[PDB]
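Below is one structure, written out as C-alpha cells, with a few remarks after it.
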Amino acid sequence: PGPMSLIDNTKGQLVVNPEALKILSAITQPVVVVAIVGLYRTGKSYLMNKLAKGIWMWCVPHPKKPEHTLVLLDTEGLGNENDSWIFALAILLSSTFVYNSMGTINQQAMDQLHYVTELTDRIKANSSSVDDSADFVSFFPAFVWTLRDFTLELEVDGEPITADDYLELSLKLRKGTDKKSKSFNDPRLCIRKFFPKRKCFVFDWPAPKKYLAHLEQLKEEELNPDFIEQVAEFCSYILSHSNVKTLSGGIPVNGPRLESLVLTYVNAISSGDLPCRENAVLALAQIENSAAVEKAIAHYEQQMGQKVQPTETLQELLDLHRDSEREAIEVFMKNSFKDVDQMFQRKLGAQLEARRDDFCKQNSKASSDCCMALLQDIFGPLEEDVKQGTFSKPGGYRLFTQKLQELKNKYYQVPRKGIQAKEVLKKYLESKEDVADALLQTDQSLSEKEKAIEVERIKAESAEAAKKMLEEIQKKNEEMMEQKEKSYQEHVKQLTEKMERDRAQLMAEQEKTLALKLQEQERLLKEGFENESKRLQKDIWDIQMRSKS
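Under the authors' numbering, residues 8 to 59, 76 to 102, 109 to 157, 162 to 342, 344 to 583 are what the sequence shown spells out, in order.
Okay, structure coming up:
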C-alpha cells in the first residue's frame with residue numbers, strides 16, 4: 008500500500024487511524040522506524056520518497088536489509110498544542126529521528142527545535162533515585178539534523194570541515210549563568226544528553242532545471258550534481274545505520290508491537306496522562322504474556338492427547355503431566371517478558387494444575403467404568419448360579435468359594451485395568467457378603483464352629499483389604515505431593531534461568547549507555563562547564579546505584 012495517516016490531529020485531539028493500525032497488525036517482520044520531523048513545507052516528503076496535519080505512515084519493504092519492513096513516519100503540518114505531542118510521539122516511535130529544517134543552525138533554528146527542551150515535561154522513561166531524563170539515551174532514537182538549502186561554506190581557518198563537524202561546533206555551549214546563556218545551552222544539552230547517536234547532513238540549492246510542484250518529479254539530469262550526492266549519502270546512511278526498533282531487553286519491534294505503542298501513547302495523551310515507555314512496554318507484555326499462556330496451554334493439551342491413554347499407575351500419569359508441563363513452561367518462557375509479579379506464569383500454573391485434576395478424575399472413572407463392566411461380565415455367571423440353587427446344597431459353600439476364587443483370578447488376570455481395580459472389586463464383594471453368608475449358614479456339611487471360623491476369616495480378610503486400601507491411598511498422596519514439589523521446582527528453575535538471561539541483557543544495555551554518558555562527561559569538562567560535567571557523573575552514579583538492587 009501507499010502513504011496514509013497514522014495519527015490525525017482533528018478537533019485538538021490526537022486520534023489513531025484504524026486503517027493504519029490494520030496495516031501494522033499485518034507486518035510480522037521487524038520494523039526500522041525512521042521519522043522525518045520538521046515544520047510544514049520543508050521538503051520532508053522528498054526524503055520520504057527517496058528513502059522508500077498529524078503523523079503519516081508509509082510502510083515499505085526495507086530496500087537494503089531484507090526480511091525487514093521500513094516504517095517511514097512524517098510529521099505533517101507542524102507550524109496546535111499537539112505539535113509538541115507529535116514531536117514527542119515521533120521520538121518514542123522511531124529508531125532514527127531525522128529533524129528537518131531550512132537553512133543553518135542559528136538562533137531561529139534552535140527556537141523552532143524547542144520541542145526537544147519539552148521532552149522532560151512530556152515523556153516519562155519510567156513510572157517512578163535516578164533522574165528520568167538520564168534514561169532517554171538508553172532508548173531514544175538516533176538524531177539526524179538535515180539542513181536544506183545550506184548556505185555556509187564548510188571551512189574553518191582555511192581547512193575543510195564536515196557536516197558532522199558543523200553540528201558538534203553548533204552544539205558547543207557558551208559560558209555564563211544568566212537567562213540567555215541557559216536558553217542557548219538548553220537545546221544543545223538535550224541533543225547531547227538524550228540521543229545515543231547524532232549526525233548531520235547538509236543540502237545545497239538543488240538548482241532544479243524544471244519548475245515543478247514536487248522535487249520528486251525531477252530527473253537526475255535536471256538536478257544539481259552536488260545535491261544529488263548529498264541525498265545519496267543521506268539515504269545510504271539512514272538505510273544502512275538505522276537500527277531495528279527495539280524495546281528494553283532486545284525485543285525487536287514489529288507491526289503489532291508498534292501498533293500497541295501507538296495505542297498506548299495516544300490514549301495516554303487523550304486521557305490527560307503523559308506517554309510513558311514503561312507503561313507502553315508493560316501494556317504490550319500484558320498482551321503477549323496472555324498469548325504466551327494460551328500458547329503454553331495449547332502445547333500442553335497436544336502433548337497430553339498424544340501420549341495419554344486408564345493408566346496402569348497413577349505415577350505414569352503424573353510423570354507425563356510433568357513432562358508436558360515442563361515443555362509448556364518452556365513455551366511460556368520463550369514467548370513471555372516483563373511478567374510483573376509472575377501473574378501470567380501463575381495463571382498458567384493454575385490452569386495446568388486443573389488439567390492434572392481433570393486427567394486424574396477421568397483416569398479414575400475410566401478405570402471404574404472398565405472394571406464395573408468386568409464385574410458383570412465375569413461375576414454374572416456366578417450371580418445366576420446362586421439364584422437357582424447351584425450352591426444351595428450340602429457342600430455347596432465350598433464349591434461357591436472355589437468358583438469365586440476362580441473368577442477373582444479371572445478379574446485379576448485381565449490386563450489394562452486402571453487404578454480402581456481393587457477398590458471396585460472390594461466394594462462389590464463386600465456388597466455380596468450376605469449372599470455368601472447365607473450359603474455358609476445353610477451348608478449342612480459344616481459344623482456351627484466352622485461357620486463361625488469362616489465368618490472370622492472373611493472378617494479378617496476384609497480388615498486386611500481395608501488396610502491395603504489405606505496403604506494405597508497414602509502412597510498416591512505421596513506421589514501427588516512429590517509431583518507438586520517437582521512441578522514447583524521446574525517453575526523456579528526456568529524462571530531463574532530467564533531472569534539470569536534478562537539481567538545479563540540489561541547490564542549490557544547499561545554498559546553501552548554509561549559509555550555514551552561518560553563520553554559527554556569527558557567532552558563537557560574539556561570545554562569548561564564543570565557543573566554540567568558533574569551533573570552527568572551523578573546521573574551515571576545513580577544508574578550504577580539503580581542496578582545494584
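Heads up, the beta-carbon is just placed ideally off N, CA and C, and yes, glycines get one too.
Original post:
Looking at C-alpha atoms only, which residue of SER358, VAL326 and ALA325 is the closest neighbour of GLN335?
Top reply: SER358
Subject >> Within the segment 423-457, ranges of the beta strand (DSSP E) (whole runs, at least 3 residues) >> reply: none
Original post:
DSSP on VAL295, reduced to helix/strand/coil?
Top reply: helix
Original post:
chain D beta carbons: is any one of them nearer than 8 Å to that of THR125?
Top reply: The structure shown contains no chain D, having only a single protein chain.
Subject >> Three CB pairs or more closer than 8 Å across the segment 476-485 and the segment 373-386 >> reply: no
Subject >> alpha helix (DSSP H) segments (min. 4 residues) lying fully within the segment 461-516 >> reply: 467-476
Original post:
Going along the chain, which residues of its own chain have a beta-carbon closer than 8 Å to the beta-carbon of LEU529, five neighbours each way excluded?
Top reply: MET367, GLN376 and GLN379
Subject >> Where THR184 falls: helix, strand or coil (DSSP) >> reply: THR184 falls in the coil class under three-state DSSP.
**OP:** With a 10 Å radius around its C-beta and 16 neighbouring C-beta atoms as the bar for buried, classify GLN555 as buried or exposed.
**Re:** buried
Original post:
Would you say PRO193 and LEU187 are within 8 Å of each other, going by their C-beta atoms?
Top reply: yes
Subject >> Residue range of the unbroken alpha helix (DSSP H) whose run includes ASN56 >> reply: 51-58
Original post:
Candidates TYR462, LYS328 and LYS372: which alpha carbon is nearest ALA407's?
Top reply: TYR462
**OP:** For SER123, count neighbouring Cβ atoms within 10 angstroms of its own Cβ and tell me buried if that reaches 16, exposed if not.
**Re:** buried
Original post:
If you compare alpha carbons, which of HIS274, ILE330 and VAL341 is closest to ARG360?
Top reply: When only C-alpha atoms are compared, the closest one is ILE330.
Subject >> Nearest-angstrom Cα separation, counted from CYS405 out to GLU350 >> reply: 19 Å
Original post:
Count the other CB atoms within 10 Å of the CB of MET80; is the residue buried (16 or more) or exposed (fewer)?
Top reply: buried
Original post:
Going along the chain, which residues of its own chain have a beta-carbon closer than 6 Å to the beta-carbon of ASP197, five neighbours each way excluded?
Top reply: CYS233
Original post:
Of the choices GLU495, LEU559, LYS340 and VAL299, whose alpha-carbon is the least far from that of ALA119?
Top reply: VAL299
Subject >> Residue(s) in a DSSP beta bridge with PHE176 >> reply: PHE126 and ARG231
**OP:** Might you give, ordered along the chain, the residues of its own chain that have their beta carbon closer than 6 Å to the beta carbon of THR49, omitting 5 neighbours on each side?
**Re:** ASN129 and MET131.
Subject >> Cβ distance (whole Å) where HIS355 is taken to contact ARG310 below 8 Å >> reply: Not confirmed; about 40 Å, so no contact.
Original post:
If we count Cβ pairs, one from each stretch, closer than 8 Å, do we get three or more for the segment 417-426 versus the segment 463-474?
Top reply: yes
Subject >> Contact under 8 Å by Cβ, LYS444 with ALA499 >> reply: Cβ distance not < 8 Å, so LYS444 and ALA499 don't count as in contact.
Subject >> Length of the line joining the Cα atoms of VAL40 and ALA316 >> reply: 20 Å
Subject >> Own chain residues within Cβ distance below 8 Å of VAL341, not counting five before or after >> reply: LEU351, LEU354 and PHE393
**OP:** Measure the alpha-carbon distance for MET514 versus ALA388 and round it to whole angstroms.
**Re:** Distance between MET514 and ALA388, taken at the CA atoms: about 13 Å.
Original post:
Which of the three DSSP states, helix, strand or coil, is assigned to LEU46?
Top reply: coil
Subject >> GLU90 - DSSP class collapsed to helix/strand/coil >> reply: coil
Original post:
With a CB to CB cut of under 6 Å and the five nearest residues on each side skipped, what residues in its chain are close to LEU54?
Top reply: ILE43
Original post:
Hey, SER166 and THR149 are a contact pair by Cβ (cut 8 Å); roughly how many whole angstroms apart?
Top reply: Right, the Cβ-Cβ distance comes to about 5 Å (below 8 Å), so this counts as a contact.
**OP:** Please classify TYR446: is it buried, with 16 or more other beta-carbons within 10 angstroms of its beta-carbon, or exposed?
**Re:** exposed
Subject >> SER214 versus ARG207: straight-line alpha-carbon distance, rounded >> reply: Spanning the two alpha carbons is a distance of roughly 6 Å.
Original post:
Under a Cβ-count criterion, where at least 16 other Cβ atoms within 10 Å of its own Cβ denotes burial, should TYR244 be classed as buried or exposed?
Top reply: exposed
**OP:** Identify whether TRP79 lies in helix, strand or coil by the three-state DSSP scheme.
**Re:** strand
Subject >> Status (buried if at least 16 other CB within 10 Å, exposed otherwise) for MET139 >> reply: buried
Subject >> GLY562 CB to nearest heavy atom of the ligand FAD below 7 Å >> reply: Among the components of this structure there are no ligands whatsoever, and the ligand FAD is therefore not found.
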